[PDB]
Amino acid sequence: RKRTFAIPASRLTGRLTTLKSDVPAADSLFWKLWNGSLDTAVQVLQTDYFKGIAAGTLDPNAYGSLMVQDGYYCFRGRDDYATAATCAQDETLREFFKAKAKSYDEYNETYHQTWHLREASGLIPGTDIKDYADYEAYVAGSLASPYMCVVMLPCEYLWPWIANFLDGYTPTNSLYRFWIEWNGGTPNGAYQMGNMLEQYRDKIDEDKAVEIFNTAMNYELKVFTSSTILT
């Protein structure tokens, strides 16, 4: 239920032994990326989806419809991390990506068990989630390894950020209060990936990283915007 893709302490082995989950430093690429897309994050808060979460009035059909699509996304995201692991020549990143794929596998049992979804091929994605997933797959299979940390960061940081923002706007007895509880708290998975990414920032083009991060943030916005248009 708790939505996290962090690598747990028990799997911080080998080259990952010293990987930390503390908040990245102010001058990190992680905060540079986030700060640059903050206008998009605010637009996410302005969607009918999140206004419905806070009010308790989100159409249960919109909620469920998006959950199925998020299953599709997460099934593919796990495969993207497996691809990134296969394609990495850097041993630390191979181990990191392999462990991230395992974290996705663990989280994804909610889709298999609670939501009765077998695999991505048994779903028909909407255009926006399909485009988003295809973009991530492109990054995983075609770009340098550290860009995978960039493109996957929005989905790991944005959701807790939204949850922590909406906490004080979502009454504890309201119907979608569970969304806050499942997603909110310290975004340790995001921070952990931010701390991994910082160690490779010299190996990538930061203007490219900005573009990739912004593009993924724009897809998050598209997905949430379209989620409540059931027409």
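The numbering used is simple: start at 1 and walk along the sequence shown.
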For the C-alpha atoms alone, is the average B factor greater in 217-225 or in 12-20, going by the entry? 12-20
Looking only at CA atoms, which has the higher mean B factor in the entry: 46-54 or 194-202? 194-202
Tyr176, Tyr63, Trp182, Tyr169, ranked by C-alpha B-factor: the highest one: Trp182
By the record's CA B-factor, is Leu33 among the lowest, middle or highest third of residues in the chain? middle
Entry-reported C-alpha B-factor of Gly71 relative to its chain, by third, is lowest
Record-listed C-alpha B factor of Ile212: chain third: lowest
What third of the chain does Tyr107 rank in for C-alpha temperature factor, lowest, middle or highest? highest
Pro160: CA B-factor among chain residues, third -> lowest
